[PDB]
Amino acid sequence: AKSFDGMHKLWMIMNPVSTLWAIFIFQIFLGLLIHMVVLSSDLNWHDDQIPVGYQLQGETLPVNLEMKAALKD
Amino acid sequence: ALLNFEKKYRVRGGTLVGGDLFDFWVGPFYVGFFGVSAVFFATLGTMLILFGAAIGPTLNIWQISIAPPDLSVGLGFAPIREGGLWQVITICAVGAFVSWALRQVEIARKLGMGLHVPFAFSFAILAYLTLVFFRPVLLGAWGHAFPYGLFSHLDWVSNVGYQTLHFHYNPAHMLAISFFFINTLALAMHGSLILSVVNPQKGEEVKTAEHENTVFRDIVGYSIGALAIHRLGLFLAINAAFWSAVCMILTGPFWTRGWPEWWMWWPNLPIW
Amino acid sequence: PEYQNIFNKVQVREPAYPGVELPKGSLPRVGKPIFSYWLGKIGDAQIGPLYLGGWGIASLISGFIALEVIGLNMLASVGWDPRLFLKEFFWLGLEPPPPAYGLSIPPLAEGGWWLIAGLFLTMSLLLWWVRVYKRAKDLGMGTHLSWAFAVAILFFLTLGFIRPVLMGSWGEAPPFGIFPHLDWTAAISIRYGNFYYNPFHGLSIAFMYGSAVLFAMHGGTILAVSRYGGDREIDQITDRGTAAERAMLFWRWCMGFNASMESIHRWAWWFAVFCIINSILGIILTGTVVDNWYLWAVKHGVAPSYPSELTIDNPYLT
Amino acid sequence: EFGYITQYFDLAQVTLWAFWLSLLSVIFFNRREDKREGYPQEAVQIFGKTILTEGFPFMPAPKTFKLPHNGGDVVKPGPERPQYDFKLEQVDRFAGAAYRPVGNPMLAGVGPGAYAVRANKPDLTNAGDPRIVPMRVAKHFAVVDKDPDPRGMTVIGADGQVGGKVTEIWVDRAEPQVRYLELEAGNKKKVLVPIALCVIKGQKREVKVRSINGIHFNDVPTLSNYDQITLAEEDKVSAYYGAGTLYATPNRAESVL
Amino acid sequence: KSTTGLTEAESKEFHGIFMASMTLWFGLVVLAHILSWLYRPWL
Amino acid sequence: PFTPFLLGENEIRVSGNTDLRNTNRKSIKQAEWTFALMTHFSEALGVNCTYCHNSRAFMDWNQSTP
Amino acid sequence: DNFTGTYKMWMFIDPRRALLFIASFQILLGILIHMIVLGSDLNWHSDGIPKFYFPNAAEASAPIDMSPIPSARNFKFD
Amino acid sequence: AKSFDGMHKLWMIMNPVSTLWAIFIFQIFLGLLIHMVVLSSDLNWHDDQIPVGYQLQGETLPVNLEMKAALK
Amino acid sequence: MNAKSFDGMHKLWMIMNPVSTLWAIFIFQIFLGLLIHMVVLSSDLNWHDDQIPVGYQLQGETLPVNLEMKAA
Amino acid sequence: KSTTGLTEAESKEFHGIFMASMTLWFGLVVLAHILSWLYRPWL
Amino acid sequence: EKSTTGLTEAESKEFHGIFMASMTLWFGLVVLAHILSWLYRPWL
Amino acid sequence: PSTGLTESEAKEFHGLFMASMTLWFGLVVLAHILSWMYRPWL
């Protein structure tokens, strides 16, 4: 309860500006990394075709289907 | 023969073994204990290579070959005609190379200078010992080393390379090749720059250090300096040798698949 | 032990040096010079300024157009995904046209982008050549750095433009990748029967080994007499001191002959250039004159002949 | 037929010969450039006579360096300045025998303590100013903090004794870097030591000079003017420190094993 | 001690305009995302 | 490499029968396709190239193994 | 207007450097667009209009990568 | 709620010009990156053939069809 | 505020260099132009090879002169 | 302190012309996109 | 202090006049080339 | 005078430069007329 009293003196031996820059840069790098790690797993939310598959939706439009039919002849 | 300025530097002392008995010159060469050793071992090794050519099928210079023992000999002693001659010659070779390095140390001590050149030579020696001693011992047989012959050690290099399906994907091999290429580039630029500064455009004065800095800062934006390029040079050559030794100690003892399959650790990181 | 002179123990700063004055009519130098403490541990600490004139801007426009093209095709080969780009980066590449197209200009996604990138990279290197020449000549120095650069450019153009034209196909040239260009190296050795029996390849390997040997020797020797002021080579050349004397006695005593403080730099020049000259000569003859280097070496009495003991039956003869 | 031969002579063969001849010819020219320093050499004859020989291939014709700031012309290969006055005794009666110094080995200028005879002018910058100067003449330099400033430290001398104290730093204006340390010795003279023979310990605040002993710092050569140094003086100073690598202790020149 | 030479008044001024600009930028971002959700919803 | 070689029937050989330029018109790309198929032969059996070749001449039948 | 003082631009941007940039960029862009248009269906050198001038191959397939080096020149692949 | 009072003093220890340049460059890089990441997924909007496929539209123009008939 | 919030904005050029900014903007715009054109040309929206309004290689292969020459 | 040497009047002048130029550029961009949407709609 | 090119305001006005004239002429020629190309081989 | 030429020298150079460029372009046009007569490409 009284163990952490002098803690504010930390900034008399550690430079505040260097520390701020280090923290900011590390946080941005970690943000990018965790997003990339989750995107490469089963939890991926861009390619999961939920709530609908859009490439599949484009392949089966009636106009595209009718044009692909008139090429088989 | 002596140079114009040579006589005042030919003093006694500076030796490691021997003493005053072998401290003389023969012509321009300095002899020493290790000079006697080196010439002894070089002569013996050469004569044994020649005899091993005499008992073979041809004395054509390109087709001579003395081969190591079979893998069934293990780390033992092979018959003279089926491997033992190779072992005697490979003892002579080590003796000669180490003698060469120690003679260099004696000379540098006599002239009052630092031991950088024998130290850099030590890494060539280390690569040779990796190929003939360390890798064979770890794999369990002398018959894993290369034969002595132009054109015939190249067949060894080829087949050993293809024992891993594609040896270009060896990582330490890539790193060593990087150092070799950069070393040739650096040597070309250094040679060119010094020649250019003491051989200026017709009817001009010899240039200075400021010119040397300016030219590379104009072309590239950074100049390393006249003493640091010598350092950079020692560094690139030594590193080339070092990573060659590592790449060979990895192949066989620590990796037996194809070399492309090692790299598979990278796209399998769980972070993409 | 004694100080080895590998790192700078004490550093000193003065205001940045702008550079030797250029001839009148020149453009100013761009950039304000900065200092690096870590670069100063091993060498000179100043970075910049830089000279950008006419030839070094055209170069740098060409080169960056080429880089954009190469990068975008590598990125299209994974479906535009940057995550996959980083994941499989050493396996990606921009590939040359299919060999059946000959020397024509193929469509853009079947080899035309390769052709574009090759053209722009070529122009970049020739403009850079002119820059290097003029920069050395405007300060009043000999143009020795342009001769070696010319040799290197010639090797880049030989494998890539001259040999593919003499063969009749752009598909004989390397692609732009890391593992892809290593695959090209191995395949061209396999197709034309073993580069170890190419004699120009052996000679260039001799000179690459020699470059490493010579530069270890020179770097060592000058660091070993830097206590007598040996790192200042211009003064040791125009007024020979004790550093040069000791440096030349060392090699004379050790191997029986020596060079001087100026001549060793000519040995360096030549050892670096013969490597690439033999590179050009070995590639230019492969395919156009010789079809199997091993059979050539056998015809000229070079290859060893291992004992046989067996008989293998060629099944195309049966 | 797998190895059929049509014709023995081809282009690869001729080109290889041409290369053998193009090498073999740059060797010739480089070996000739190698002999612009130190030649003609001196060959000692059957009974002691010395002649000048020139080698294979022969020496080239002289070329001229034009030095800047009216620093004169240098012809090479050309004349030589006269050696000073070293004394030496041969040890064994044959041309290839070694030599011993006659007097005090430290003050003799033979062996690793030999030096060259250069000009008595300083090395110049591109503007005409002297290149190596003390940091009080070059008023724009500063030691980077993060680095131990050697001014004030002591100069322990390889046997544990004290040599003196560092009082100045000598810098190089053409390439900014430290070249010499100036120190006051035991008899109150000002002597220089090259920075490449000094191990600087910041916490002990010492400079260890392994070359010579502590009492040896009294006999280091001195300068004329202390605002500059000339080529000759550089050589003398450095050579004195290099003589100690073999002559400081009587056991240094005496076969390790 | 590391300092930027700005007084406290200059810092107040800079801070005012910085916060205004950042707020406007984030507003535009929100608008872009509402349009994208209306066109092609991704969750 | 299985579509052209193990279902289609294409020529695997790429090297020449003499030392100078002759009627051989194979390319480096065809050499790469062959190299790919050989890599699969090695993996499928647990061996190297030298189980059936001497690398210094991959095309000579008198320098192969049984 | 709002563009009344634009000519003062050249008081802090060097006109020599500006010219050297613009000339280089325009020439390089010219070369680039020509090569891009030639590598498409709009190509005008080998399109057979108004006539095919070369002795082209009578049956030229669609070229694949696993191909040999061609024996004769040909410029009609389509 | 008065915990963020002295926040404006941030610019007395952090350089405003460096910060501005860093922010701008980072924003441009992130813009390019996110556009490329979303274009390489199922959400791709350039190649999805919506609202119509244009290469397919060009292959079935009556002029091109009549020319391809007369060749074959 | 909400209306007086952007008042001192013109002072921006007392801390940001105008020359560097101008050069950066111009170069970035050229690079982005090249990039977007190349990305759109590599999709279904390609406008050089779509054979609209007509296919020109096909048009050249079916000229009567070329047809009569190919017939022999 | 980091500074560009421009006074406040010079900054006002530069800002005026900069904003005018940027507005004109964005106008031209919008026009190009309207034409492209009329010719080949992509969404 | 501030970055300058040494041109006065009169020199800048002169340069600007000729620069704008040249750019206008160049763009005119470009438009003409494209009208000819559209007449010969329309691409849209 | 960043090139050291006065205004008279610049006028002189410009005169001859323009004449030379016109002659060169004339020769180019002639070459293209011959090529069109021999092998028309459009």
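Letters A, B, C, D, E, F, G, H, I, J, K and L name the chains as they come in the text, with residue numbers starting at 1 for each one.
The definition used in the following text is that contacts are C-beta pairs under 8 Å (C-beta built on N, C-alpha and C of every residue); 3 or more make two chains touch, one makes a residue touch a chain.
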| item | value |
| --- | --- |
| Fewest hops from chain G to chain L - one hop per pair of touching chains | 1 |
| Dominant chain pairing [most C-beta pairs in contact] | B-C |
| Chain ID, smallest distance between chain and overall C-alpha centroids | C |
| Taking each chain's C-alpha mean as its centre, the one farthest from chain H | D |
| Inter-copy rotation, chain E to chain J, in degrees (Cα atoms; steps of 5) | 25 |
| Distance between the centres, which are taken as Cα means, of chain I and chain F, whole angstrom | 46 |
| Separation of mean Cα positions, chain F and chain B [Å, integer] | 35 |
| Inter-chain centre distance, chain A versus chain L - centres from mean C-alpha coordinates, in Å | 59 |
| Chain A and chain K: spacing of chain centres that average the CA atoms, whole Å | 45 |
| Multi-partner residues of chain D (at least 2 other chains) | 3, 5, 10, 38, 65, 67, 114, 116, 126, 175, 242 |
| Sites on chain K at which at least two other chains make contact | 2-3, 41, 43-44 |
| Touching two or more other chains - residues of chain I | 9, 15-19, 39, 45, 47-49, 51-53, 55-56, 58-59, 61 |
| Contacting chain pairs - touch in the sense defined above | A-B, A-C, A-E, A-H, B-C, B-D, B-F, C-D, C-F, C-G, C-H, C-I, C-L, D-F, E-H, E-I, E-J, F-G, G-I, G-J, G-K, G-L, H-I, H-J, I-J, I-K, J-K |
| Chain E residues within the chain J interface of the complex | 4-6, 39 |
| Residue ranges of chain G in contact with chain J within the complex | 2-3, 5-6 |
| Interfacial residue positions of chain E with respect to chain H in the complex | 2-4, 6-8, 10-12, 14-15, 40, 42 |
| Complex contacts: residues of chain K adjacent to chain I | 3, 41-44 |
| Touching residues on chain C, where the partner in the complex is chain G | 27, 52-54, 57-58, 61-62, 65, 95, 98-108, 110, 112, 115-116, 119-120, 123, 167-169, 171-172 |
